[PDB]
Structures are given as C-alpha cells and as structure tokens.
Amino acid sequence: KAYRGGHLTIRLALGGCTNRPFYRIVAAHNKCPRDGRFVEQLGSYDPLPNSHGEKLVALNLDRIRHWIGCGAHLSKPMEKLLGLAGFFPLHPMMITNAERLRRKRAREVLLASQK
Amino acid sequence: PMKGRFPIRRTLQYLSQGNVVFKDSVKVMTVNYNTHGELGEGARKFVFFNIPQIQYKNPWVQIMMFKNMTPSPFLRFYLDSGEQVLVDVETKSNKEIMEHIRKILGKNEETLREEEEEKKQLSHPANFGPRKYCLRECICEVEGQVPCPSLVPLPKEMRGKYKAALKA
Amino acid sequence: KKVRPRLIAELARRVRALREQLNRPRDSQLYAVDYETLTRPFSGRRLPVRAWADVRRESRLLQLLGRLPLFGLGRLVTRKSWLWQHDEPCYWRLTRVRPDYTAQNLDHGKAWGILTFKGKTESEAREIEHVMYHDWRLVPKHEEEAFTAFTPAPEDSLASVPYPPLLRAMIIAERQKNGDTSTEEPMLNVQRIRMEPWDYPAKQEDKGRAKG
Amino acid sequence: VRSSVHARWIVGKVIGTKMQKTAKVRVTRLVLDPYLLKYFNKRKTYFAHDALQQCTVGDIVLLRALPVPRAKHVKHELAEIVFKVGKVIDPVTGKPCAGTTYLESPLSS
Amino acid sequence: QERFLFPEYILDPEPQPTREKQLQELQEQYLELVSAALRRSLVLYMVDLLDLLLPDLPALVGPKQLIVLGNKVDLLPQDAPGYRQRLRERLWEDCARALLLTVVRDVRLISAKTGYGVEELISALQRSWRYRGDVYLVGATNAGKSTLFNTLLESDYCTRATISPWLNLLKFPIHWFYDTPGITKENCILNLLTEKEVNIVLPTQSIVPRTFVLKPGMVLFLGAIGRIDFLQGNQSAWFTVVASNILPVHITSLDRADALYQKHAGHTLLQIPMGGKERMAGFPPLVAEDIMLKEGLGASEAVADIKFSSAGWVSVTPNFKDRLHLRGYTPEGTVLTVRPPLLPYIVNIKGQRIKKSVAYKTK
RNA sequence: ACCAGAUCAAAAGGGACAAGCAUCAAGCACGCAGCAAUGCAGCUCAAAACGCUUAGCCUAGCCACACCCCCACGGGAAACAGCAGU
Ligand code: FES
Ligand SMILES: [Mg+2]
Ligand SMILES: [Mg+2]
Ligand SMILES: [Mg+2]
C-alpha cells in the first residue's frame, strides 16, 4: 500500500497476552500499524521481571546502528531503553522523572513524619 | 506403480541430487544430440537422466534440446556476457559430461556454502514471531520468564482487574 | 488485461487543481482574526491560549510597515518574543516587502530581510516567517545603533564529549581486539554539530500555505 | 547490459517472417509439472528485430534483449542465426552437415 | 525591477472555462404512387420485431404472394427456449388477425446486421416454383430495408446495382429486385429525437433486460422520454425494461418523480433528449395515459408489455391475483401502447437484488 | 537539523500470477517498419484466444472498497464496512 509520507522509526510492538505485556523492538514504517508490518525486528523486551527479578532486553546493536544511520527515528520508550542500556545518554525525562519522584518521596516523608 | 522407465527420475529426492549449479553468467544451454549412434549413447543417457536435475537446480537457465541436428553431439552454453561455450560430449559418459560441465561452469562448493550462510542469516534465533519465521512466538515460551496467562493465571496483584479495584 | 481509463478521475483531479488555483485565498482572508473570540473567521479555528494576550496587545509586521515609507524598507524590525526571550539583539533588516494590496489597511503580505539572531547576522536576505503573527515591533530610527550594538561574546565551547558508556566500551574493546592499545580516551566531536535555538527562524521558502 | 527486458538471452525458433525487419521467434522452456514432476516444453512467442531480414522460417536463432522495448512486442534483437534452416554447419568440426551426415568430410582439409 | 501591462489592446481569459464540456467531448403517398406499379411477382414485407401497417397491406400491395421477414431478431433477448418459434407463431396470428395464410406463404426471422438466416432465405427463394418474377422489398423506415438490400446485393442471389426511376430507386438483376421507399411511421419518438438522440436510443447491441422490483406509489423513468407510475397495487411487482443498454433507467418515489424530471430533463441523468432546457422547451411535454393490469399471472410470466414507441418496452409481472394501476407518461406527439408480452418469460433472466435498490443484477 | 548517497516505495516498462465452463471457438485491429508522410497486412487462439459464472489472496501480512453512478467534476441523496448500540 503506497504511503503518503512517513519514515522509518525504531519502536516497540506490544505482543503478549492480556496482563502479560511483551515488546518486540522493531524498525517499521511509522505509518504502519503498531503490531503490523515492519522492516526488521531489532530485538525484544520483557517488562515483567522474570524469576531472577530481571527485565530482559535484547538489542541487536549492529542493526540498530545501521538503521539509525539509514535515518530511522526513535520512539521515546526506545530512547529511554537505550539510555538505560548506556548505548545512549540517559534521557532528560528519565532524569527529571527521577527528580520528581525524589521530591514526591520527600513530601510524603515529611507529611508522614509531621503527624 | 509410477509410470515410465526409470520413474525415479520424477521424484524430488532424485531431482535435488543435481550437483551442477551454473554460475549466474550462464543463461541458455542447448543440447544437440543424435537419437542413434554408439558414441552418442553417452549424450543420450545424459539428456535422459541429468538434464532434469540441471534444470531443477537452475530454474532460470533456459534449456533446449535438438535431436539429430548435427552428426556429432555437443552442448553449448550462452552466457550473460554474450560468450558462447561449446562443449564436446561425443564418446563421453553422462557422468563424465556432468563432471566436465560442473568443472567449467558450476559454482564451487565454497560458493554454495556462502549462499547457504547468506540464507541462514535470515533465521535469527533471538527474533520472536510466528513459527513460520522465528523459533518462538512469545518470550513467555522461555523458561524463567513469566508464563503465558492462558497456561498459568497471573497473580491477582499483577492482573489489572484488581489494580483498578485498588484504584477504587 | 487492458485497463479501462479513469477519465472522470483525471477530470476531477484537473478541475480541483484549476479551482484551487483560480480561487487561491488572499492573505487578508486567511490570516484575519476576531479579537473578541480570537478565532480566525476564514476557518473558524480558535488561536491557542498562549497567543491570546499577544494577539490582543501587539501588532503584525505588515501592520507596522503600512505606516512607513517604502513600507519601512531598510528598517530594523524586532519581535516581542525575541526581545523577551533573548538579551541579545535580534531583528530583520527588511530588505524587501510585498504587501497584500487587497487588504483594506495593507497589513498582510510577505517580506524579505537579513536575519540577525542573538547578535550574529547572516550572509543573505531571505523570506521572513511568522509575518502574520502579532509579536512584531519596529526599531525606531533613533536608538537603532544603540539597540543593535552587540558585543560578540566568547564562542569557545566543548570540542568533544564522552561517548555513552556502552559505546565507549564497544569502541575500546574493538581497538584492543585490533591491537590498537592506544589508551587515549574515545571522544565524540560536537563542533561539527551546529546547535540552533528552537525559536530560530526557519526557511519560510519551504513552508506550506493554508487552503479553503 | 542494464536492459529493462526480463530475459537477457533466449534461443528460439523462427516461425514467421511476415513483419518488416521483425521475425516471430518461438522460445521453449522446460517447465516442471508440480504434480507429475516431469518436465514439459512450455513455449512462448517473442519478436526479434532483424534489420537485415536474414531470418528464414525454421531457423534456430539467438535473441538478445534490447536496451528498451522498441515496439509493443519487439523486445529482442537477433544476435545470431544459430542454425540456418537446412544449412547447418557443425560447430564442432565447422564443416557443413546435412542432418547426421557430413557434406564435406572433416578430413578434407 | 518594474513592469507594466496595458488595459488597452488587452488579451483576456474567460470565466468558468467549463472543462466539463471538454471531457463531454472527449468521452397515402405510397398508396397513390407505388401501389399502382406493384398492383400490375413477390413481395418481401419487412417487419421490425421490436416494434409490434400490417392491416393495410391488401390495399398497399394487392392480392399477390407475400413473405414476412421479422428483422432485428438478434437484438431480442432469449427469454426462454423456443422464443424464435413463439415469435413466428405470434406473427402468424397477427397476420391472421389482419390476409390469407393477399396471401402470405412464409414467415421468417432474419437479422441483416448479423447475416442470420439470409442464406436460408435465399435458398428458400430459389428452391420453389412459387417464387418467380420480380421482388418488391416493402417495409418501414427503421425496419432495416437498406441493410437487407445491401446484404442481398453482396451475395450470389444477384446475377452491380443500378438506379432507375420508379422516384429513383435501387435495383439489381436476379427479373429485377425492387427496393421501394420505406413507409414512414407516425407517432414515433424517433421523429422527435435528433440524429444523436436517435442513434443512442436505437439499440446497436443485443439488449440486456433490466429488472426492478417496485412497490405501489413508485415511478420509473426510461430516459426523459418514458415514465411509469405504479400504484394501487395489492402487492409489489417486477418491471423488466427491455430497451437500449445505454438508456438510463431511474427509480424514484411518486413525490420526487416530477421534481427530478424538471431538474434533470435532458442533461446526463436522463440522457435522452439532449440540449438542456433549450431542447426541452421544444420537446413535447409528457402526456398521461392510465392503465389497469390484468390478474397477475405468477411471478415469472409477464402480464403486459408497455411500449414507448420504438424506444423500448417494459414487461410487468404482478403477483398472483394482484391487479395494479399504472400511469404511463409519454410525449404528447407519440403514443403509449400496452400489448401482450413479446417476451413473457423475460423476468426469469436476472440476478439478485443489489442493496436496498430495487434493481436486480443483470445476467 | 542541510547535502549526502543510504533507506522507503509510487507511477511507468519487462516477467510471473485463482477455479469451472468449448453447449464460450474464433477475437475483430486485437501487429510490424519508418523521424514522418506513409507503407507492409499483419497480431492472439484447441499448448484454450475471446467470453460467461464463482471466489478476496500466496496471511508477520498483502490486494481492493470506502453509500451508489467502476472514477466522482457532477449527479443520485443525505450515507456507522470506526467504537458502543438499534
Ligand atoms: S503467547 Fe506469550 S504470553 Fe501468551
Ligand atoms: Mg466510489
Ligand atoms: Mg453503510
Ligand atoms: Mg459497528
């Protein structure tokens, strides 16, 4: 199907059954459906901690580099995952959400203590 | 039973046995041979037995035959570069002809193995998808990870049906 | 196998093209505004909240040029947004103008100027953007030199930055595998990257236009 | 080289010469019957441009894809008359032959 | 820098160039002159099968041998097996109504356009003693006399053609064949229609019946020439239009039928006539004619064919025991005719209802 | 961010590509040469042309439709084949 515009984007396809999310890191034409056709699958991601308490992430770094070079963009979740991986700098919103969480914790601690 | 002499010729197991895979340069092959002649018996047997294998292994290489066009039998390959390779087959057995053509125009086992590696690259184990393409459909298949909800119900803590209950 | 030609499809395409061409709306129509509802009458869309005060209080570039000789050609025009955002002088030289005469007060149209941003000028005059916006202001003939007096601040900046941890590790490992035991840190040059403020004027020449 | 036509080189049989400078060549490809697994001579018609009009009905010809289709159907040019009808020269011995019998014996020269 | 153009000597464009038009471009005398000669031999009377002068033949030609030729048979759809035999029979009863079976010795069905039956007609002509002397080809204007004459001339029947005064007419030797002037038809929509309109109306390809299921209080429009209003019907019914495939058929309610008629007169929705309001001003208004249909003979046998002169007809099948009231609107000058069904089993050939639309898929 | 060639993939050209019916056997311009005039009179087809009937397909998905008039200027007419619902 001819697409008017659009561009490659490295993103996540939400597979897995209900209440059991699981993501396939794929490089697909941005206009294509979320779980639909995709140019190439670059890895996978399991949000639910496994028996070892690990959120497994597989990133085919070679192909990820190749596609970023070819000009694929990066969805915010993928940028955050790469930042956690250390392949990219920590996302500004990751840092700022950490700080917001810290302030929330400080506020809640103060409120609980000031009974 | 299967019809015709040497019905084995009409089985994939035999057709795939062809070891001759022409280089991409070859585009056409013409087999001139005589239906009679003791010397041409080798060429006749070659046409009867091996040509099907060559064609099966080289679907795009056109193959055409010519009965009793010239006193002597021969093959002639026309390459993409316009070159013409004339191969004499008189007095040769079909096996000898096959080996000669393999030597002079067939891809070597090294090239074939290289093609095999290029092909197998596609089947990345780490990828997940329908059995048709990837080994595992969902990471749940991997042991240690949270198993699929269908086979094993998730804890009430993880099911969103009760996260909303907590929300209330 | 032969296809049946789509004559009516071709006619529709050509007719729509011609209709758009011959009824191409005027600027005074497209970029009108209702200062009561802050809605553009032509399309009926309401302007975003953050532009309400600016639309009510400030004036447009051509709305100013209409009160100058040669449409103020050769004057320096600055934007209120620029003045608020940056302490450095930013403005256009306004080399050329082309108003929409059809407007009653000739307060719409196009302009071309030499951009000076943050006190750094450009090499050529190009088309303006956001002409239709309301955040424009005029540099008075007097005070022009004092206002545009810009002291070039020291521009020296980081030549390179560290790689992200994993990329650094990958590069180092590849080097060691190749035997390149040079322990010098791997750095990523950034001078090549010309960072520009998000509000920097864009190429109006490649911008689109509204339609009816 | 970078021809837009599909089949670069094809050997066929001339089966018509009722078109100016154009010869109607029939090309036969062995095709695998998916069921019987026997190969059959599927045939297709091609038009070869012949400037010299040297094609004769029954000749075996080699056709080279033109760089671009020069007509609604003319997509090849006659590269070489492989076997002039009834004037076959044994490529092996280069001597003329009539069927399976040499005209000039190879020992002639 | 600067330039100017001159409001004098101007060259100017036009308003509303209307490329739509461009694409529209892109995409008694016989009695008093000829009967005297004829009544001095064989007569070939050509009758248009679609249009069904016969009773006046005894005075026109006199008491001589006559052969009936039903023309334009190929354009008639095959409603049911043996329809050719049924048509031959129908012609036979029509002649009996009007004549000895003047004597008519043979009734045959021919199609000059397709050359169907012409050779058999020639063989019959040459096979028997009874057919000796000259041949006079009599018929109406649209019957196809010209086509049949050309066909016979281009055949072994003739021993090339000459023109002789009777009025100069064509002839060829066989004794001489005589092609008489065509008898013009009165009250014909073709007379009102122009050359292009007549060409469109006249079917050049085999007709495809178009069936439509209609409930009481509805209206059908065959071009802008014919209209039918179905009402006072105890049950729904089916109407099969047999007309030129390129004649639009439009179905509407009785309320909107008029307003649509004025709005779309001419134009393209009702492609006949053409010229818009200009042509419609001269075009006669559609006068009304009331009709009552007999008991509905099932849902497969037509009860009546309503013919709008030469444009076409509509076969009506009501439901069993159902009696329907109809009002046919036809141009003032021309006439509307209710006749026994020419193709009574034409309703059967059809497909299936498409959407809520009354139309049936055409087979 | 620009260019880069890279990636993606239209239109166009070549090839490939469902089922039944021959009680669908001829299609009727379906070809070629020439810069053009113009000439040549050819082209497909019992190895199934042409035509009628049925069907979404070769499923990470793909093709097509978007109420109808194949299209949609225009007209018919007021459109859930988006979700929930009648
Ligand atoms: S298929 Fe993987 S969680 Fe169910
Ligand atoms: Mg549509
Ligand atoms: Mg609907
Ligand atoms: Mg619904």
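The rules behind the values
- Numbers attached to residues count from 1 within each chain as its sequence is written and can disagree with those in the entry; no residue without coordinates is shown.
- To label them, take the chains in the order written and letter them from A, then take the ligands in the order written and number them from 1.
- This view holds some of the chains of a larger assembly, and the values cover only those chains.
- In computing side-chain properties, one takes all heavy atoms of the structure into account and sets aside hydrogens as well as water.
- UniProt positions are given in the numbering used here, feature names are shortened, and annotations may be inferred rather than shown by experiment.
- Put simply, DSSP marks the helices as runs of H or I at least four residues long and the strands as runs of E at least two long, and each gets a number from the N terminus on.
- Restricting the calculation to C-alpha atoms gives the radius of gyration, and the globule rule supplies 2.2 Å times the number of residues raised to the power 0.38.
- Buried means the residue's accessible area, taken with a 1.4 Å probe over protein chains only, is under 20% of the maximum for its type, while exposed means over 50%, and partly exposed covers the values in between.
- We call two residues in contact when some of their heavy atoms are within 4.5 Å.
- Positive residues here are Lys and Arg, negative ones are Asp and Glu, while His and the chain termini are left out of the count.
- In this description, the location of a charge corresponds to atom NZ of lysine, CZ of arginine, CG of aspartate or CD of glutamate.
- Using a 1.4 Å probe, the Shrake-Rupley method yields the accessible areas, and only the shown protein chains count as cover for residues.
- Should DSSP find at least two bridges between two strands, the strands are taken to pair.
- Axis lines are fitted through C-alpha atoms, for helices just across the contact stretch, and the angle between N-to-C directions can take any value from 0 to 180 degrees.
- Here a residue is considered near a molecule or strand provided that any single heavy atom belonging to it is located within 4 Å of it.
- Whenever a nitrogen or oxygen atom comes within 3.5 Å of another N or O atom, the pair is scored as a polar contact, on the condition that within protein one atom can donate a hydrogen and the other can accept it, and that pairs from neighbouring residues in sequence are kept only if both atoms are in side chains.
- By buried area we mean the combined loss of accessible area, with a 1.4 Å probe, across both parts when two parts are placed together.
- Take a side-chain nitrogen of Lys or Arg and a carboxyl oxygen of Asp or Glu: if they are within 4 Å of each other, that pair is a salt bridge.
- For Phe, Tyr and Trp, rings pair up if their centres lie within 6.5 Å, where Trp contributes its six-membered ring, and each pair is then called stacked (planes under 30 degrees apart), edge-to-face (over 60) or tilted (otherwise).
- Remark: a charge is flagged as sitting over a ring if the NZ atom of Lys or the CZ atom of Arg is within 6 Å of the ring centre and within 35 degrees of the ring normal.
- By this rule, a helix spans an expected 1.5 Å times one less than how many residues it contains.
- Each nonpolar core is a collection of buried residues, namely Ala, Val, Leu, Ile, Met, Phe, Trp, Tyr and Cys, held together in the definition by side-chain atoms within 4.5 Å.

Per the PDB record, this model was obtained through cryo-EM at a reported resolution of 3.2 Å.

The name the PDB entry gives chain E is Nitric oxide-associated protein 1, with Homo sapiens as the organism. This deposition appears in the PDB under the title "Assembly intermediate of human mitochondrial ribosome small subunit (State A)". Listed in UniProt under the heading Function, the comment for chain E reads: "Involved in regulation of mitochondrial protein translation and respiration. Plays a role in mitochondria-mediated cell death. May act as a scaffolding protein or stabilizer of respiratory chain supercomplexes. Binds GTP." What UniProt states about chain E under its Subcellular location heading is, verbatim, "Mitochondrion inner membrane".

The PDB entry lists chain D under the name 28S ribosomal protein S17, mitochondrial, from Homo sapiens.

**Q** Describe the overall build of chain D, with residues and values.
**A** Helix and strand content of chain D: zero helices and seven strands. Counting from the amino terminus, helix and strand elements in chain D follow one another as β-β-β-β-β-β-β. Compactness check: chain D gives a C-alpha radius of gyration of 16 Å against a globular reference of 13 Å for 109 residues, more than 25% above the reference. Counting across all 109 residues of chain D, residues that qualify as buried make up 38%. Here the contacts in chain D between residues at least 6 apart in sequence split such that 47% fall between residues at least 24 apart. Between the mean site of the 19 positive side-chain charges and the mean site of the 7 negative ones, chain D shows a separation of 11 Å.

**Q** How would you explain the overall build of chain E if you had to name every residue and give the values?
**A** Each helix and strand in chain E was counted, giving 11 helices and 17 strands. C-alpha atoms of chain E, sized along the principal axes, occupy 90 × 70 × 35 Å. For chain E, buried positions account for 51% of its 363 residues. Put simply, chain E shows about 19300 Å² of open surface, and 53% of that area lies on carbon and sulfur atoms. In chain E, the 42 positive side-chain charges and the 37 negative ones have mean positions that sit 6 Å from each other.

**Q** So what about the sheet that holds strand β5 (residues 74–83) of chain D? Which residues, and what values?
**A** Residues and elements named next belong to chain D. Around the barrel, five strands lie side by side as β1-β2-β3-β5-β4; this closed barrel has mixed pairing. Ignoring strand direction, the axes of neighbouring strands in this sheet form an average angle of 45°. In this structure, strand β1 (residues 9–14) lies alongside strand β2 (residues 22–32), joined through two bridges in antiparallel fashion. Within β2, the position partnered with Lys13 by the bridge is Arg26.

**Q** Just give me the short version of the protein's contact with RNA strand F, but keep the residues and values in it.
**A** Contacts to RNA strand F come from 52 residues, most closely from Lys1(A), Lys24(D), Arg70(D), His73(D) and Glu20(E). If you look at RNA strand F and keep only atoms within 4 Å of the protein, 72% of those are sugar or phosphate atoms. Between RNA strand F and the protein, one listed contact pairs a sugar or linking oxygen with a side-chain N or O atom of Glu20(E) at 2.5 Å. The biggest single contributor to the surface near RNA strand F is helix α1 (residues 7–22) of chain C, with seven residues.

**Q** Can you tell me about the interface of chain B and chain D, naming the residues and giving the values?
**A** Taken together, the 32 residues of chain B in the interface contact 27 residues of chain D. Approximately 2500 Å² of surface area, both sides summed, lies buried where chain B meets chain D, with 68% of it carried by carbon and sulfur atoms. Between the two partners, chain B and chain D, sit zero salt bridges. Connecting chain B to chain D are eight residue pairs in polar contact. Those elements that provide at least two residues to the side of chain B that touches chain D are α1 (12–15), β1 (26–33), α3 (51–57), β2 (62–67), β3 (74–79) and β4 (84–88) of chain B. Sorting elements by how many residues they give to the side of chain B that touches chain D places β2(B) first, with five residues.

**Q** Mind laying out the packing of aromatic side chains, listing which residues take part and the relevant values?
**A** Counted according to the given criterion, the structure contains 21 aromatic pairs over all chains. Considering the side-chain rings of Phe149(E) and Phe177(E), the 5.7 Å spacing of their centres and the 65° angle between planes classify their relative orientation as edge-to-face. Side by side, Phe149(E) and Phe177(E) carry an identical accessibility label, which is buried. Ring-pair connections join several aromatic residues into one group, and the members of that group are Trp82(C), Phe117(C), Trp136(C) and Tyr200(C). In this arrangement the basic side chain of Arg9(B) is found over the ring face of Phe48(B), its NZ or CZ atom lying 3.7 Å from the centre. Over the ring of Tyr360(E) we find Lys350(E); its NZ or CZ atom is 4.5 Å from the centre of that ring.

**Q** Please give an account of the environment of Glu79(A) that cites residues and values.
**A** All names here are of chain A. Among the structural elements, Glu79 can be located in helix α2 (residues 76–85). By relative accessible area, which is 23% here, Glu79 ends up partly exposed. Separated by 69 residues in the primary sequence, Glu79 and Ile10 place their C-alpha atoms 9.2 Å from one another. Residues in contact with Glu79, not counting those within four places in the same chain, are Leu74 and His91. Looking at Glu79, its side chain comes within polar contact range of the side chain of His91, at 3.4 Å.

**Q** I'd like a description of the sheet that holds β3(B), backed by residues and values.
**A** Residue and element names in this part refer to chain B. A sheet is described by the order of its strands in space; here four strands give the open sequence β2-β1-β3-β4, paired in mixed fashion. Two strands close off the open sheet at either side, each with one partner strand: β2 and β4. Adjacent strand axes in the sheet meet at a mean angle of 15°, parallel and antiparallel pairs treated alike. Against the sheet, helix α2 (residues 41–49) engages β1, β2 and β3, with an angle of about 130° to β1.

**Q** Could you give me a rundown of the pattern of salt bridges, with the residues and numbers involved?
**A** Counted under the stated rule, the structure contains 33 salt bridges over all chains. Residue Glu115(B) is joined to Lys107(B) by a salt bridge in which the shortest nitrogen-to-oxygen separation is 2.6 Å. Under the relative-accessibility criterion, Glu115(B) is labelled partly exposed at 34%. Overall, the relative accessible area of 13% leaves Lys107(B) in the buried class. Here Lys211(C) and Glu20(C) are joined by a salt bridge, their closest N and O atoms 3.8 Å apart. Taken together, the residues span a long stretch of sequence, with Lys211(C) in the segment after β8 (187–189) and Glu20(C) in helix α1 at a distance of 191 residues. Accessibility expressed as a relative area gives 31% for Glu20(C), which makes it partly exposed. Several salt bridges converge on common partners, so that one network encompasses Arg227(E), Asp229(E), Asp258(E) and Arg327(E).

**Q** Tell me about helix α5 (residues 83–97) of chain E, and please be specific about residues and values.
**A** Helix length check: α5(E), at 15 residues, gives a terminal C-alpha distance of 21 Å against a target of 21 Å (1.5 Å per residue), a fit within 8%. Of the residues making up α5(E), those classed as buried are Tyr83(E), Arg86(E), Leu87(E), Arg90(E), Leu91(E) and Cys95(E).

**Q** Run through the nonpolar core, naming residues and quoting values.
**A** If you look at the biggest cluster of nonpolar residues, it comprises 50 residues, and the most contacted ones within it are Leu193(E), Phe212(E), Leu214(E), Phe239(E), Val241(E), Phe308(E) and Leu326(E). Formed by 34 residues, the second largest nonpolar core is a distinct cluster that contains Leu57(E), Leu60(E), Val242(E) and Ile346(E).

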